[PDB]
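Chains as they are written, first to last, in the entry's author numbering: chain B, 43 to 72, 78 to 171, 241 to 344; chain A, 42 to 173, 232 to 344.
In what follows, a structure is listed as structure tokens, so that the remarks can point back to it.
In structure tokens:
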């Protein structure tokens, strides 16, 4: 699994070049999207009712939530080098998966697309940076969670989506039923935090298929130290 | 769940199976052909960890242990595939080793020559840090009813597979010359394998010792009735650790 790993990091690729990442975590509960955290090697969280950004700190993760993230990449939608130039397009491509629309009602799809297209309220530094939008939260009508990892082919400035006008390269979407909100917050944190890992973040840029990503996670998990 | 099994354990009626606080010592060996070799204490725990450093000259300042995730999975793997002998009634280190080596499974993997070397290794003296009654100011720091846990890892030239054993004694026993401090031994962990696995084993040893400082896991260790209770223990622990990227 470091076998699978090394083959990826050293593939010939043009435009698939890695950039530095700004990562924003927004959350929803069905109501609008609310920015709750952001990354840039260090993490800051929204607090005191939205009044304030915390001081920057070095993120730590619950192993539990990393496993959940891993499970998400095994069972979820993974769309790489998606050529979409807007959020409508992205959401429809996800929802129109011949498998992912076979888990949802007609009624369930309506609510979810409506959610992905809700406005993003924000709290309101590298040159060639791209953005990664981690969008997680609850939707009342769901009975299953909905997971998607997307990598756009040209990065695209998705209007009003990121707190800073930066082109999006990655999106992670985790939507699920009520009572899963805190779990999703940490899964979201884990996706964001793991993208700050230098080696894993390269894998995400160069991955050609779902298993490549799992090799990335597994290699990460194999190298970290834990605090009892 | 894996806290299903867990919650069931934490609350079973058991007498003398009562949990105690733990002193844990990590000793390491290396058996290279022709070269004589004994056990050397390399670390100890009492909630905090201290390591032997600078070539055996010195103890470290006490610190809060951290573990490699890798070595914890290996440890889990050790408990899945290794010898698990709970409530062993043995009153000496000879007796304990024979019981381990006489598992109808664990002796169907070994040469006659391989059993000989390994028994010889287990019976080597244990060098402790105290230049060597003659003990410490450390002994004062030890809770009154505490029992000890001995983590023994290392290399044996003649092995080609690793050898793992987790043992819990039924009465705890003051195994002569084994612990650096006269405390009855309750737990033993043994990991012996071929040369070149030495540093890997050191971290599995640290993981074993450290996981015994865990309040919940150490309760499971005292009350486990079977190998599966231990793994639920390990899995619960893993589910709750925090990771430092």
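Where is the CB? At the ideal position from N, CA and C, for every residue including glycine.
Of the residues the options, which one's Cα is nearest the Cα of residue i?
i, options, result
"residue 63 of chain A", "A:307, A:142 and A:317", "A:317"
"residue 274 of chain A", "A:134, A:61 and A:102", "A:134"
"residue 47 of chain B", "B:326, B:324, B:319 and B:286", "B:319"
"residue 17 of chain A", "A:127, A:328, A:131 and A:305", "Nothing can be reported for residue 17 of chain A: it is not among the residues displayed for chain A, which extend from 42 to 344."
"residue 265 of chain B", "B:281, B:299, B:297 and B:248", "B:248"
"residue 76 of chain A", "A:125, A:254, A:326 and A:132", "A:254"
"residue 136 of chain B", "B:100, B:268 and B:51", "B:268"
"residue 55 of chain B", "B:337, B:341 and B:322", "B:322"
"residue 172 of chain A", "A:239, A:82 and A:58", "A:82"
"residue 341 of chain B", "A:335, A:334 and A:302", "A:302"
"residue 237 of chain A", "A:70, A:49, A:103 and A:78", "A:103"
"residue 100 of chain A", "A:115, A:84 and A:110", "A:84"
"residue 283 of chain A", "A:65, A:262, A:311 and A:72", "A:65"
"residue 94 of chain A", "A:290, A:42 and A:170", "A:170"
"residue 339 of chain B", "B:326, B:325, B:310 and B:324", "B:310"
"residue 68 of chain A", "A:157, A:325 and A:289", "A:289"
"residue 241 of chain A", "A:148, A:262 and A:281", "A:281"
"residue 128 of chain A", "A:344, A:57, A:87 and A:243", "A:57"
"residue 245 of chain B", "B:312, B:96 and B:71", "B:312"
"residue 92 of chain A", "A:106, A:79 and A:260", "A:106"
"residue 287 of chain B", "B:295, B:147, B:293 and B:278", "B:278"
"residue 78 of chain B", "B:299, B:336, B:285 and B:166", "B:166"
"residue 326 of chain A", "A:125, A:97, A:51 and A:156", "A:125"
"residue 71 of chain B", "B:251, B:344 and B:343", "B:251"
"residue 87 of chain B", "B:270, B:258, B:305 and B:333", "B:305"
I'd like to know whether the C-beta of residue i is nearer than 7 angstroms to at least one C-beta of chain A.
i, result
"residue 111 of chain B", "yes"
"residue 342 of chain B", "yes"
"residue 313 of chain B", "yes"
Which residues bound the beta strand (DSSP E) around residue i?
i, result
"residue 291 of chain B", "284-292"
"residue 262 of chain A", "262-272"
"residue 254 of chain B", "246-254"
Run through chain B and tell me which residues come within less than 9 angstroms of residue i, C-beta to C-beta.
i, result
"residue 310 of chain A", "344"
Check the Cβ of residue i against every Cβ in chain B and list those closer than 7 angstroms, keeping chain order.
i, result
"residue 338 of chain A", "110 and 111"
Does chain B have any CB closer than 7 angstroms to the CB of residue i?
i, result
"residue 25 of chain A", "Residue 25 of chain A lies beyond the stretch modelled for chain A, which goes from 42 to 344, so this question has no answer here."
How far does the alpha helix (DSSP H) with residue i in it reach, from first residue to last?
i, result
"residue 43 of chain A", "Segment: none, residue 43 of chain A is in no alpha helix (DSSP H) and carries neither H nor E."
"residue 341 of chain B", "Note, residue 341 of chain B: premise wrong, no alpha helix (DSSP H); beta strand (DSSP E) at 341-343."
"residue 296 of chain A", "Here residue 296 of chain A belongs to no alpha helix (DSSP H), and DSSP marks it neither H nor E."
"residue 158 of chain A", "153-163"
Closer than 6 angstroms to a non-hydrogen atom of the ligand GDP - does that hold for the CB of residue i?
i, result
"residue 331 of chain B", "Here there are no bound small molecules, and the ligand GDP is not part of this structure."
Counting only beta-carbon separations shorter than 7 angstroms, does residue i have a partner in chain E?
i, result
"residue 153 of chain B", "The structure shown has no chain E; the protein chains it does contain are B and A."
Length-filtered (4 minimum) alpha helix (DSSP H) runs lying within the region 57-137 of chain A
Counting whole runs of 4 or more residues, the region 57-137 of chain A contains the alpha helix (DSSP H) stretches 110-122.
Residue ranges of each alpha helix (DSSP H) within the region 301-343 of chain A, 4 or longer
Counting only runs of 4 or more, we get 314-322 and 326-339.
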